[PDB]
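K.L.:
My structure file entry_27.cif, mmCIF, C-alpha atoms, is below:
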data_upload
loop_
_atom_site.group_PDB
_atom_site.id
_atom_site.type_symbol
_atom_site.label_atom_id
_atom_site.label_comp_id
_atom_site.auth_asym_id
_atom_site.auth_seq_id
_atom_site.Cartn_x
_atom_site.Cartn_y
_atom_site.Cartn_z
ATOM 1 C CA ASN V 2 14.029 -47.259 3.928
ATOM 2 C CA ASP V 3 10.365 -46.550 3.260
ATOM 3 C CA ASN V 4 9.522 -44.520 6.364
ATOM 4 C CA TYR V 5 11.672 -41.450 6.093
ATOM 5 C CA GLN V 6 10.776 -38.371 8.031
ATOM 6 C CA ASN V 7 10.680 -35.410 5.598
ATOM 7 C CA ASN V 8 11.235 -31.810 6.751
ATOM 8 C CA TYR V 9 7.977 -30.421 5.313
ATOM 9 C CA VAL V 10 8.093 -26.663 6.073
ATOM 10 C CA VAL V 11 5.763 -23.615 5.878
ATOM 11 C CA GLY V 12 7.873 -20.445 5.658
ATOM 12 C CA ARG V 13 7.433 -17.571 8.122
ATOM 13 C CA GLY V 14 10.213 -15.150 9.215
ATOM 14 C CA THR V 15 11.495 -11.646 9.915
ATOM 15 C CA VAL V 16 13.621 -9.909 7.238
ATOM 16 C CA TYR V 17 16.362 -7.392 8.145
ATOM 17 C CA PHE V 18 18.730 -5.170 6.156
ATOM 18 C CA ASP V 19 21.796 -3.137 7.242
ATOM 19 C CA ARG V 20 22.743 -0.315 4.913
ATOM 20 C CA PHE V 21 26.465 0.186 4.464
ATOM 21 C CA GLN V 22 27.925 3.695 4.851
ATOM 22 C CA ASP V 23 28.235 4.879 1.212
ATOM 23 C CA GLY V 24 31.473 3.795 -0.558
ATOM 24 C CA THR V 25 32.332 1.263 2.255
ATOM 25 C CA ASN V 26 31.366 -2.149 3.739
ATOM 26 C CA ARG V 27 30.681 -0.475 7.183
ATOM 27 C CA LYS V 28 27.346 -1.646 8.722
ATOM 28 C CA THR V 29 24.847 0.956 10.060
ATOM 29 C CA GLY V 30 22.767 -1.766 11.893
ATOM 30 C CA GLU V 31 19.910 -4.211 11.044
ATOM 31 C CA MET V 32 16.570 -2.496 10.324
ATOM 32 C CA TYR V 33 13.647 -4.942 10.425
ATOM 33 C CA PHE V 34 11.352 -4.434 7.394
ATOM 34 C CA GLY V 35 8.106 -5.196 9.256
ATOM 35 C CA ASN V 36 5.678 -7.681 7.669
ATOM 36 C CA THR V 37 6.996 -9.286 4.427
ATOM 37 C CA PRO V 38 4.269 -11.207 2.475
ATOM 38 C CA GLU V 39 6.919 -12.918 0.283
ATOM 39 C CA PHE V 40 10.625 -13.601 0.530
ATOM 40 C CA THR V 41 11.994 -15.656 -2.411
ATOM 41 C CA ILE V 42 15.557 -16.597 -3.360
ATOM 42 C CA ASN V 43 16.260 -17.078 -7.081
ATOM 43 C CA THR V 44 19.280 -18.256 -9.090
ATOM 44 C CA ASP V 45 19.632 -17.659 -12.788
ATOM 45 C CA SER V 46 22.766 -19.451 -14.070
ATOM 46 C CA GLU V 47 24.842 -19.693 -17.258
ATOM 47 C CA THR V 48 27.343 -22.427 -18.194
ATOM 48 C CA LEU V 49 30.224 -22.666 -20.673
ATOM 49 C CA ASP V 50 29.790 -26.010 -22.391
ATOM 50 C CA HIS V 51 32.413 -27.639 -24.601
ATOM 51 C CA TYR V 52 31.563 -30.195 -27.332
ATOM 52 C CA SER V 53 34.092 -32.679 -28.809
ATOM 53 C CA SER V 54 35.096 -31.838 -32.409
ATOM 54 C CA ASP V 55 37.137 -35.100 -32.765
ATOM 55 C CA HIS V 56 34.251 -37.572 -32.261
ATOM 56 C CA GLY V 57 30.434 -37.902 -32.479
ATOM 57 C CA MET V 58 27.966 -35.009 -32.893
ATOM 58 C CA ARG V 59 27.509 -32.723 -29.821
ATOM 59 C CA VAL V 60 29.173 -35.062 -27.299
ATOM 60 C CA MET V 61 29.956 -32.812 -24.290
ATOM 61 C CA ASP V 62 33.709 -32.852 -23.586
ATOM 62 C CA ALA V 63 33.375 -30.493 -20.558
ATOM 63 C CA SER V 64 31.227 -27.857 -18.844
ATOM 64 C CA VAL V 65 31.769 -25.151 -16.193
ATOM 65 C CA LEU V 66 29.540 -22.630 -14.359
ATOM 66 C CA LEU V 67 30.200 -19.117 -15.810
ATOM 67 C CA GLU V 68 28.090 -17.654 -13.048
ATOM 68 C CA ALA V 69 25.118 -18.497 -10.923
ATOM 69 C CA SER V 70 23.654 -15.082 -9.911
ATOM 70 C CA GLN V 71 22.185 -15.620 -6.456
ATOM 71 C CA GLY V 72 19.615 -13.039 -5.412
ATOM 72 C CA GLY V 73 15.898 -12.689 -4.719
ATOM 73 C CA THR V 74 12.687 -10.722 -4.234
ATOM 74 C CA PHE V 75 10.695 -9.722 -1.184
ATOM 75 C CA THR V 76 7.664 -7.487 -0.535
ATOM 76 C CA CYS V 77 6.609 -5.611 2.609
ATOM 77 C CA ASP V 78 3.215 -4.331 3.836
ATOM 78 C CA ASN V 79 4.904 -1.991 6.339
ATOM 79 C CA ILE V 80 5.048 1.521 4.799
ATOM 80 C CA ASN V 81 7.446 3.787 6.732
ATOM 81 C CA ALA V 82 10.185 6.354 5.963
ATOM 82 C CA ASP V 83 13.045 3.767 6.238
ATOM 83 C CA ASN V 84 11.442 1.312 3.762
ATOM 84 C CA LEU V 85 10.370 4.178 1.442
ATOM 85 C CA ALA V 86 13.889 5.719 1.445
ATOM 86 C CA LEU V 87 15.281 2.273 0.595
ATOM 87 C CA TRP V 88 12.662 1.817 -2.214
ATOM 88 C CA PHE V 89 13.129 5.356 -3.654
ATOM 89 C CA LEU V 90 16.971 4.769 -3.839
ATOM 90 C CA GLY V 91 17.366 7.605 -1.345
ATOM 91 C CA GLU V 92 17.508 9.066 2.125
ATOM 92 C CA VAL V 93 15.346 9.922 5.174
ATOM 93 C CA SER V 94 15.798 13.560 6.277
ATOM 94 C CA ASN V 95 14.247 14.705 9.580
ATOM 95 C CA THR V 96 14.065 18.506 10.166
ATOM 96 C CA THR V 97 12.185 21.236 11.994
ATOM 97 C CA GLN V 98 10.959 23.891 9.546
ATOM 98 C CA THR V 99 12.091 27.476 10.339
ATOM 99 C CA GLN V 100 9.368 29.366 12.227
ATOM 100 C CA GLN V 101 8.994 32.570 10.234
ATOM 101 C CA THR V 102 6.438 35.424 10.545
ATOM 102 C CA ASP V 103 5.292 37.673 7.689
ATOM 103 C CA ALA V 104 6.864 35.266 5.156
ATOM 104 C CA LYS V 105 5.981 36.738 1.706
ATOM 105 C CA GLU V 106 5.571 35.170 -1.742
ATOM 106 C CA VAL V 107 4.284 35.892 -5.316
ATOM 107 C CA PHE V 108 2.218 33.867 -7.837
ATOM 108 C CA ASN V 109 2.802 35.798 -11.105
ATOM 109 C CA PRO V 110 0.869 33.476 -13.484
ATOM 110 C CA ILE V 111 -2.573 32.575 -12.037
ATOM 111 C CA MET V 112 -5.427 30.490 -13.396
ATOM 112 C CA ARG V 113 -8.513 30.240 -11.186
ATOM 113 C CA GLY V 114 -9.798 26.835 -10.175
ATOM 114 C CA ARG V 115 -6.332 25.717 -9.124
ATOM 115 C CA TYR V 116 -4.284 24.956 -5.990
ATOM 116 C CA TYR V 117 -1.098 26.790 -4.905
ATOM 117 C CA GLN V 118 1.353 25.495 -2.272
ATOM 118 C CA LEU V 119 2.757 28.099 0.151
ATOM 119 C CA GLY V 120 6.515 28.259 0.823
ATOM 120 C CA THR V 121 7.936 25.967 -1.908
ATOM 121 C CA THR V 122 11.733 26.503 -1.487
ATOM 122 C CA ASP V 123 15.032 24.530 -1.571
ATOM 123 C CA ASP V 124 14.747 24.166 2.280
ATOM 124 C CA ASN V 125 11.268 22.582 1.939
ATOM 125 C CA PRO V 126 10.645 21.519 -1.708
ATOM 126 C CA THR V 127 7.248 19.889 -0.849
ATOM 127 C CA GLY V 128 6.196 23.281 0.721
ATOM 128 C CA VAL V 129 5.186 24.667 4.165
ATOM 129 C CA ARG V 130 2.648 23.094 6.608
ATOM 130 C CA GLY V 131 0.975 24.620 9.704
ATOM 131 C CA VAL V 132 0.145 28.257 8.830
ATOM 132 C CA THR V 133 -1.247 30.422 11.713
ATOM 133 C CA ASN V 134 -2.137 33.608 9.712
ATOM 134 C CA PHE V 135 -2.601 34.296 5.956
ATOM 135 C CA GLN V 136 -3.547 37.312 3.754
ATOM 136 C CA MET V 137 -3.269 38.118 0.007
ATOM 137 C CA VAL V 138 -3.428 40.996 -2.505
ATOM 138 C CA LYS V 139 -4.190 40.886 -6.262
ATOM 139 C CA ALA V 140 -2.481 42.916 -9.033
ATOM 140 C CA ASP V 141 -2.196 43.047 -12.873
ATOM 141 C CA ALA V 142 0.211 40.268 -14.042
ATOM 142 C CA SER V 143 2.348 42.623 -16.244
ATOM 143 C CA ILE V 144 3.567 44.487 -13.071
ATOM 144 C CA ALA V 145 7.115 43.412 -12.053
ATOM 145 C CA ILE V 146 6.357 42.914 -8.298
ATOM 146 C CA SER V 147 9.081 42.619 -5.635
ATOM 147 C CA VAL V 148 8.507 42.335 -1.853
ATOM 148 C CA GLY V 149 11.854 43.137 -0.124
ATOM 149 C CA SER V 150 10.355 44.925 2.967
ATOM 150 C CA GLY V 151 6.933 45.908 4.465
ATOM 151 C CA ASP V 152 3.561 44.070 4.315
ATOM 152 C CA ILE V 153 2.146 42.999 0.888
ATOM 153 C CA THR V 154 -0.466 45.871 0.873
ATOM 154 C CA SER V 155 2.500 48.320 0.402
ATOM 155 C CA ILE V 156 3.427 47.077 -3.136
ATOM 156 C CA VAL V 157 2.499 49.044 -6.318
ATOM 157 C CA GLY V 158 -0.918 48.425 -7.986
ATOM 158 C CA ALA V 159 -2.074 45.868 -5.337
ATOM 159 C CA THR V 160 -5.625 45.338 -3.869
ATOM 160 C CA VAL V 161 -6.696 43.228 -0.796
ATOM 161 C CA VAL V 162 -8.679 40.028 -1.566
ATOM 162 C CA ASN V 163 -11.315 38.838 0.942
ATOM 163 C CA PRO V 164 -11.648 34.995 1.126
ATOM 164 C CA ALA V 165 -15.403 34.458 0.545
ATOM 165 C CA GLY V 166 -16.017 33.503 -3.137
ATOM 166 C CA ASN V 167 -12.320 34.160 -4.088
ATOM 167 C CA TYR V 168 -10.200 31.558 -2.233
ATOM 168 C CA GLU V 169 -10.251 28.718 0.294
ATOM 169 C CA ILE V 170 -7.255 27.928 2.576
ATOM 170 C CA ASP V 171 -6.033 24.641 4.062
ATOM 171 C CA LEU V 172 -3.967 26.099 6.933
ATOM 172 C CA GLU V 173 -2.549 22.723 8.089
ATOM 173 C CA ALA V 174 -1.511 21.745 4.500
ATOM 174 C CA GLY V 175 -0.331 25.296 3.570
ATOM 175 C CA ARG V 176 -2.533 25.276 0.476
ATOM 176 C CA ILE V 177 -4.532 27.980 -1.303
ATOM 177 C CA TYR V 178 -7.415 27.032 -3.608
ATOM 178 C CA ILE V 179 -8.417 29.882 -5.969
ATOM 179 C CA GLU V 180 -12.202 29.483 -6.414
ATOM 180 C CA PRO V 181 -13.144 28.340 -9.981
ATOM 181 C CA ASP V 182 -15.901 30.979 -10.498
ATOM 182 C CA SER V 183 -14.162 33.768 -8.450
ATOM 183 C CA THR V 184 -15.102 37.290 -9.619
ATOM 184 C CA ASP V 185 -12.131 39.182 -8.073
ATOM 185 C CA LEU V 186 -9.458 36.946 -9.729
ATOM 186 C CA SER V 187 -10.755 36.580 -13.339
ATOM 187 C CA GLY V 188 -8.606 37.931 -16.240
ATOM 188 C CA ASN V 189 -4.837 38.721 -16.293
ATOM 189 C CA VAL V 190 -4.442 38.740 -12.449
ATOM 190 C CA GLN V 191 -1.432 37.918 -10.226
ATOM 191 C CA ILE V 192 -1.247 37.443 -6.417
ATOM 192 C CA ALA V 193 1.156 38.301 -3.608
ATOM 193 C CA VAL V 194 0.699 36.647 -0.165
ATOM 194 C CA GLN V 195 1.881 36.818 3.381
ATOM 195 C CA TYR V 196 1.777 34.092 6.081
ATOM 196 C CA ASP V 197 3.052 32.962 9.528
ATOM 197 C CA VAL V 198 4.747 29.496 9.646
ATOM 198 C CA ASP V 199 4.594 27.346 12.832
ATOM 199 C CA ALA V 200 7.613 25.478 14.249
ATOM 200 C CA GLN V 201 7.021 21.720 13.739
ATOM 201 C CA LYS V 202 9.151 18.577 13.299
ATOM 202 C CA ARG V 203 8.736 16.949 9.868
ATOM 203 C CA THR V 204 10.111 13.884 7.943
ATOM 204 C CA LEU V 205 10.951 13.742 4.224
ATOM 205 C CA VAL V 206 12.117 10.875 2.079
ATOM 206 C CA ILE V 207 14.285 12.340 -0.705
ATOM 207 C CA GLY V 208 14.342 10.148 -3.835
ATOM 208 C CA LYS V 209 17.937 10.507 -5.067
ATOM 209 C CA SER V 210 19.501 7.780 -7.308
ATOM 210 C CA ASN V 211 22.104 5.856 -5.253
ATOM 211 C CA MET V 212 22.980 2.115 -5.397
ATOM 212 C CA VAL V 213 22.187 0.896 -1.816
ATOM 213 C CA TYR V 214 24.481 -1.896 -0.574
ATOM 214 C CA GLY V 215 23.989 -3.687 2.753
ATOM 215 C CA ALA V 216 23.706 -7.153 4.384
ATOM 216 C CA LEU V 217 20.345 -8.968 4.160
ATOM 217 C CA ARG V 218 19.072 -11.479 6.689
ATOM 218 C CA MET V 219 15.985 -13.599 7.224
ATOM 219 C CA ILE V 220 15.363 -15.249 10.623
ATOM 220 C CA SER V 221 12.602 -17.901 10.360
ATOM 221 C CA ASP V 222 9.900 -18.791 12.914
ATOM 222 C CA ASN V 223 8.173 -21.492 10.799
ATOM 223 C CA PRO V 224 4.819 -22.771 12.270
ATOM 224 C CA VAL V 225 5.596 -26.243 10.804
ATOM 225 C CA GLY V 226 8.973 -27.695 9.748
ATOM 226 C CA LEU V 227 12.426 -27.148 11.276
ATOM 227 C CA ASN V 228 13.635 -23.570 11.056
ATOM 228 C CA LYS V 229 16.767 -22.243 9.319
ATOM 229 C CA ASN V 230 18.096 -18.706 8.855
ATOM 230 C CA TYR V 231 19.571 -16.983 5.824
ATOM 231 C CA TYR V 232 22.313 -14.338 5.731
ATOM 232 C CA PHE V 233 23.683 -12.510 2.679
ATOM 233 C CA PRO V 234 26.909 -10.692 3.798
ATOM 234 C CA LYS V 235 26.520 -8.176 0.916
ATOM 235 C CA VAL V 236 23.538 -7.494 -1.362
ATOM 236 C CA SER V 237 22.492 -4.545 -3.505
ATOM 237 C CA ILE V 238 18.837 -3.617 -2.815
ATOM 238 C CA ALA V 239 16.695 -2.090 -5.578
ATOM 239 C CA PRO V 240 12.963 -1.385 -6.107
ATOM 240 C CA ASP V 241 11.146 -4.084 -8.137
ATOM 241 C CA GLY V 242 7.969 -3.817 -10.263
ATOM 242 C CA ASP V 243 5.873 -0.765 -9.326
ATOM 243 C CA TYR V 244 4.393 0.671 -6.109
ATOM 244 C CA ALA V 245 0.610 1.196 -6.219
ATOM 245 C CA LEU V 246 -0.473 4.138 -4.010
ATOM 246 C CA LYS V 247 -4.261 3.573 -4.597
ATOM 247 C CA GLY V 248 -6.254 0.309 -4.797
ATOM 248 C CA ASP V 249 -8.510 -2.064 -2.779
ATOM 249 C CA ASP V 250 -5.506 -4.190 -1.570
ATOM 250 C CA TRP V 251 -2.996 -3.283 1.157
ATOM 251 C CA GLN V 252 -0.044 -1.212 -0.107
ATOM 252 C CA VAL V 253 3.168 -3.213 -0.739
ATOM 253 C CA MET V 254 6.645 -2.192 -1.781
ATOM 254 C CA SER V 255 8.488 -4.875 -3.780
ATOM 255 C CA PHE V 256 12.290 -5.159 -3.531
ATOM 256 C CA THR V 257 14.827 -7.190 -5.472
ATOM 257 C CA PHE V 258 18.301 -7.992 -4.166
ATOM 258 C CA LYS V 259 21.406 -9.395 -5.899
ATOM 259 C CA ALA V 260 23.742 -11.325 -3.572
ATOM 260 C CA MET V 261 27.423 -10.327 -3.709
ATOM 261 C CA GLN V 262 30.746 -11.542 -2.357
ATOM 262 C CA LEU V 263 31.526 -9.113 0.537
ATOM 263 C CA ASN V 264 35.257 -10.029 0.266
ATOM 264 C CA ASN V 265 37.130 -12.989 -1.357
ATOM 265 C CA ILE V 266 36.934 -14.978 1.985
ATOM 266 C CA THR V 267 33.091 -14.893 2.503
ATOM 267 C CA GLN V 268 30.367 -16.905 0.695
ATOM 268 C CA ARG V 269 27.504 -14.886 -0.971
ATOM 269 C CA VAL V 270 24.927 -16.636 1.271
ATOM 270 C CA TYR V 271 25.124 -18.504 4.599
ATOM 271 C CA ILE V 272 22.241 -20.737 5.767
ATOM 272 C CA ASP V 273 22.283 -21.381 9.546
ATOM 273 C CA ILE V 274 20.578 -24.675 10.608
ATOM 274 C CA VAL V 275 18.884 -24.829 14.080
ATOM 275 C CA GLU V 276 18.980 -28.668 14.561
#
What would you get if you wrote out this structure as structure tokens?

P.N.:
Amino acid sequence: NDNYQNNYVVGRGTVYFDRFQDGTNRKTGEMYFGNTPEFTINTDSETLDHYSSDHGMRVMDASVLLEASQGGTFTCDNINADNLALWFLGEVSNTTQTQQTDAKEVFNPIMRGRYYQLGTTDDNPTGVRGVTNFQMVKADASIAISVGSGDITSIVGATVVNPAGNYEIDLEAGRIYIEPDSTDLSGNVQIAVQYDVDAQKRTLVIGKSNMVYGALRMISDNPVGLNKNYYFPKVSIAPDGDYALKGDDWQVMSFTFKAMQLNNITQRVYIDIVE
């Protein structure tokens, strides 16, 4: 048979993952990754080989597969909180920050020519955003300041600082820049501050250190060649390589997955054939 019609194929498809509820096989539901530049399946394998000791040199008597480790790599261009939480071995948390007025804080060590983030606490460890009002007072750094009640001008040894030539404020970011040549804040100075925090909805990804299991699936829409879909009933997802935040290319996360047997009845991978 000379003329045989080959299935020459150019790969294109949508990749989905469903995180299991931690400590279980219970599916949360298939999140689409967005655009994946690559999706590759790999298989390292090791074999136990037996050689005859009764005849010849290195005549193989037997061999068996010890394991083939099915698994793979994929990248995605789509940067969002779900993909980032999956890459950072962690969790998306959505919150509204507490609207608070006359929130007060102290910066006991200060160097000028530096940035300070307002409202860094266990509730918001990346700090406040959206400040409506701000004021600050300087003091000598050896003074043991505390600010339990009243405005910051009430505290012992303190003096009001005007902004011009002493500080700049990014009200949206919640950030103070102490000016690098500032006259009022040279020497052994400390600061106390006071601000008003707006109510706003905000998303964090928290990079904890948890092994993320789930089921992986690629559905293919190949522009040439017959299409076929891939399902991995359990995988463990992990970050692969490194994630470049600056460069002339598009940002990509890279993921690696190891395929696993969900239970003793299921295969590690199923390929579904359209025709």

K.L.:
Please write the residues picked by the PyMOL selection byres ((chain V and resi 173) around 6) on this file as JSON, numbers by chain.

P.N.:
{"V": [130, 131, 171, 172, 174, 175]}

K.L.:
Please write the residues picked by the PyMOL selection byres ((chain V and resi 273) around 9) on this file as a ChimeraX atom specification.

P.N.:
/V:229-232,271-272,274-275

K.L.:
Could you please take those selected residues and save C-alpha atoms as an mmCIF file, in the frame of the given file?

P.N.:
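And here's selection27.cif as it stands now:
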data_model
loop_
_atom_site.group_PDB
_atom_site.id
_atom_site.type_symbol
_atom_site.label_atom_id
_atom_site.label_comp_id
_atom_site.auth_asym_id
_atom_site.auth_seq_id
_atom_site.Cartn_x
_atom_site.Cartn_y
_atom_site.Cartn_z
ATOM 1 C CA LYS V 229 16.767 -22.243 9.319
ATOM 2 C CA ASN V 230 18.096 -18.706 8.855
ATOM 3 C CA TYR V 231 19.571 -16.983 5.824
ATOM 4 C CA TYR V 232 22.313 -14.338 5.731
ATOM 5 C CA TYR V 271 25.124 -18.504 4.599
ATOM 6 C CA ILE V 272 22.241 -20.737 5.767
ATOM 7 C CA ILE V 274 20.578 -24.675 10.608
ATOM 8 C CA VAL V 275 18.884 -24.829 14.080
#

K.L.:
Once 3 Å is added on each side, what are the centre and the three edge lengths, in Å to one decimal, of the axis-aligned box enclosing the listed atoms of segment 97-109 of chain V? Present them as JSON.

P.N.:
{"center_x": 7.2, "center_y": 29.5, "center_z": 0.6, "size_x": 16.0, "size_y": 22.4, "size_z": 29.3}

K.L.:
In Å, with one decimal, what is the gap from atom CA of residue 218 of chain V to atom CA of residue 31 of chain V?

P.N.:
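Taking atom CA of residue 218 of chain V and atom CA of residue 31 of chain V, their separation equals 8.5 Å.
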
K.L.:
Go through the shown structure with the PyMOL selection byres ((chain V and resi 94-102) around 6) and write out the matching residues as a ChimeraX atom specification.

P.N.:
/V:93,103-104,197-205

K.L.:
Pick out the residues sitting within 7 Å of segment 117-127 of chain V, and hand them over as a CSV table (one decimal) with C-alpha atoms, in the coordinates of the input; count all atoms listed in the file, and ignore anything fewer than 6 positions along from it in its own chain.

P.N.:
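Printed below is out33.csv as written:
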chain,number,residue,atom,x,y,z
V,175,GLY,CA,-0.3,25.3,3.6
V,176,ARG,CA,-2.5,25.3,0.5
V,177,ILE,CA,-4.5,28.0,-1.3
V,178,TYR,CA,-7.4,27.0,-3.6

K.L.:
Neighbours of segment 84-90 of chain V within 6 Å (all atoms listed in the file; same-chain residues fewer than 2 positions away dropped), as a list in words?

P.N.:
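That gives residues 81, 82, 92, 93, 206, 208, 209, 210, 211 and 240 of chain V.
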
K.L.:
Expressed in Å to a single decimal, how great is the separation between atom CA of residue 75 of chain V and atom CA of residue 266 of chain V?

P.N.:
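So the answer is 26.9 Å.
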
K.L.:
Could you tell me which of V:69, V:220, V:148, V:193 comes closest to residue 160 of chain V if we count only C-alpha atoms?

P.N.:
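Of V:69, V:220, V:148, V:193, the one nearest residue 160 of chain V, counting only C-alpha atoms, is V:193.
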
K.L.:
Which distance in Å separates atom CA of residue 48 of chain V and atom CA of residue 63 of chain V, to one decimal?

P.N.:
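These two atoms are separated by 10.3 Å.
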
K.L.:
Rank nothing, just name the residue among V:143, V:150, V:257, V:163 nearest to residue 188 of chain V, using all atoms listed in the file.

P.N.:
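Between V:143, V:150, V:257, V:163, the residue approaching residue 188 of chain V most closely is V:143.
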
K.L.:
With distances taken over all atoms listed in the file, which of V:135, V:108, V:40, V:52 is nearest to residue 258 of chain V?

P.N.:
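Of the candidates, the smallest distance to residue 258 of chain V is held by V:40.
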
K.L.:
Generate the missing atoms of segment 70-81 of chain V up to N, CA, C and O atoms and report them as a short mmCIF file (atom, residue, chain, number, x, y, z; two decimals), keeping the file's coordinate frame.

P.N.:
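Result file is selection.cif:
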data_model
loop_
_atom_site.label_atom_id
_atom_site.label_comp_id
_atom_site.auth_asym_id
_atom_site.auth_seq_id
_atom_site.Cartn_x
_atom_site.Cartn_y
_atom_site.Cartn_z
N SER V 70 23.94 -16.35 -10.58
CA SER V 70 23.65 -15.08 -9.91
C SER V 70 22.61 -15.30 -8.81
O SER V 70 21.41 -15.19 -9.06
N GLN V 71 23.09 -15.51 -7.59
CA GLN V 71 22.18 -15.62 -6.46
C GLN V 71 21.59 -14.27 -6.15
O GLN V 71 22.22 -13.25 -6.38
N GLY V 72 20.36 -14.26 -5.68
CA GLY V 72 19.61 -13.04 -5.41
C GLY V 72 18.18 -13.38 -5.04
O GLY V 72 17.89 -14.52 -4.70
N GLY V 73 17.27 -12.43 -5.11
CA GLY V 73 15.90 -12.69 -4.72
C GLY V 73 14.97 -11.50 -4.83
O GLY V 73 15.33 -10.43 -5.31
N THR V 74 13.75 -11.72 -4.36
CA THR V 74 12.69 -10.72 -4.23
C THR V 74 12.05 -10.84 -2.87
O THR V 74 11.93 -11.92 -2.31
N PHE V 75 11.60 -9.72 -2.32
CA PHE V 75 10.70 -9.72 -1.18
C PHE V 75 9.77 -8.52 -1.27
O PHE V 75 10.10 -7.51 -1.88
N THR V 76 8.60 -8.61 -0.65
CA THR V 76 7.66 -7.49 -0.54
C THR V 76 7.51 -7.12 0.93
O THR V 76 7.75 -7.97 1.77
N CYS V 77 7.11 -5.90 1.26
CA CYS V 77 6.61 -5.61 2.61
C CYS V 77 5.37 -4.72 2.63
O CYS V 77 5.25 -3.75 1.88
N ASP V 78 4.44 -5.07 3.53
CA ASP V 78 3.22 -4.33 3.84
C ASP V 78 3.47 -3.08 4.68
O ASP V 78 2.62 -2.21 4.79
N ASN V 79 4.60 -3.04 5.39
CA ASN V 79 4.90 -1.99 6.34
C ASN V 79 5.44 -0.75 5.62
O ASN V 79 6.60 -0.72 5.22
N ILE V 80 4.62 0.28 5.44
CA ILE V 80 5.05 1.52 4.80
C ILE V 80 5.53 2.48 5.88
O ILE V 80 4.75 2.91 6.73
N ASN V 81 6.81 2.83 5.84
CA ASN V 81 7.45 3.79 6.73
C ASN V 81 8.62 4.48 6.03
O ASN V 81 9.04 4.05 4.95
#
